[PDB]
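# A structural walkthrough
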Amino acid sequence: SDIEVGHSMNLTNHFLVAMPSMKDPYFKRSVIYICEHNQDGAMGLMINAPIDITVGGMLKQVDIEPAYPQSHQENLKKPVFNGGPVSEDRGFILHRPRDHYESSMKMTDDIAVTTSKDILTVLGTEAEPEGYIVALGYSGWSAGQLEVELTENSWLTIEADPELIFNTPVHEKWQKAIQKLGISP
């Protein structure tokens, strides 16, 4: 009774699945990997909103001189993603843990977020992650707006896993998500 624990929930390393009754059209049928979730708001990365720029595209744009020969070339043609409306000029790399990068936050043995530029010099090369998403800008929620929108029937949530982020056709991520929640597309 004096011993509190709070039912809590903590949505980090969790996917937010847009629900049919979703408002912000921006998020209509979005799947969001939640990175941070403290008492000062939330930070997530959309994982299925691809944009008009390719990985090699922004690599050339940001003008990053590659460390090793870029032998891959196929994945270098893949799309870059819009991670959210906030800080669209910033890049976030959601990937499978491989080598050590300066600014990086490991989430699981299979998912991590790197924000240092050092990682860009291995993209297209054989030193790149075995699965990564290049996202510009991120999704943000103030103090407890997350909780609210949740109880507002706006989203559904499932624990995140790597296969949905790196091994699932972009335009298929959503459908396969709500699937795990029972609801059918």
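Residues numbered from 1 in each chain as written, not as in the entry; some residues may be left out. Heavy atoms only, no water. Residues with missing side-chain atoms left out of burial classes, pairs and counts.

The deposited coordinates derive from X-ray crystallography, with the record listing a resolution of 2.88 Å.

Each helix and strand counted, the protein chain has four helices and 10 strands in total. When the helices and strands of the protein chain are read in sequence order from the N terminus, they spell out β-β-β-β-α-β-β-β-β-β-α-β-α-α. Dimensions of the protein chain, computed from C-alpha atoms along their principal axes, come out at roughly 60 × 40 × 25 Å. Long-range pairs, those at least 24 residues apart, make up 69% of the contacts in the protein chain with a sequence separation of at least 6. (Helix = DSSP H or I, 4+ residues; strand = E, 2+ residues; numbered from the N terminus. Contact = heavy atoms within 4.5 Å.)

The next point concerns the domain arrangement of the protein chain. Looking at the assigned domains, one finds that the protein chain contains domain 1 (1-48 + 139-185) and domain 2 (49-138). Taking only C-alpha atoms, the centre of domain 1 and the centre of domain 2 are 22 Å apart. Listed by partner, the interface residues are 23 residues for domain 1 and 25 residues for domain 2. On the domain 1 side of the contact with domain 2, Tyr 26, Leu 45 and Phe 166 bury the most area, a combined 33% of that side's loss. (Domains from an automatic or database assignment. Buried area = accessible area lost by both parts, 1.4 Å probe.)

Moving on to the pairing of strand β9 (residues 132-142). Across four bridges, strand β3 (residues 41-46) lies against β9 in antiparallel orientation. Opposite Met 43, over in β9, you have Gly 140 as the bridge partner. As defined by bridge partners, strand β5 (residues 79-82) adjoins β9 across two bridges and the pair is classed as parallel. In the sheet register, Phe 81 faces β9, and the bridge partner there is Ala 135. Bridging between strand β6 (residues 86-95) and β9 involves six bridges; their strand directions are antiparallel. Paired with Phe 92 across the two strands is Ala 135, which belongs to β9. (Pairing = 2+ DSSP bridges.)

Here we take up the packing of aromatic side chains. If you walk through the whole model with that rule in mind, you get five aromatic pairs. Between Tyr 26 and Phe 27 the ring centres are 5.1 Å apart and the planes differ by 70 degrees, which places this aromatic pair in the edge-to-face class. Assessed through its relative accessible area of 35%, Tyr 26 is described here as partly exposed. Assessed through its relative accessible area of 8%, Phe 27 is described here as buried. Ring geometry for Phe 92 and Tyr 138: centres 5.4 Å apart, planes at 65 degrees, overall edge-to-face. Of this pair, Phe 92 sits in strand β6 while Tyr 138 sits in strand β9, and the two are 46 residues apart along the sequence. By the ring-pair criterion, three or more aromatic residues cluster together here, those being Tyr 26, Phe 27, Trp 141 and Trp 155. A cation over a ring is seen here: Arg 29 above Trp 174, with NZ or CZ 5.4 Å from the ring centre. (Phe/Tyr/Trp six-rings, centres within 6.5 Å; stacked < 30°, edge-to-face > 60°. Buried < 20%, exposed > 50% of the residue type's maximum accessible area, 1.4 Å probe, protein only. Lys NZ or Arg CZ within 6 Å of the ring centre and 35° of its normal.)

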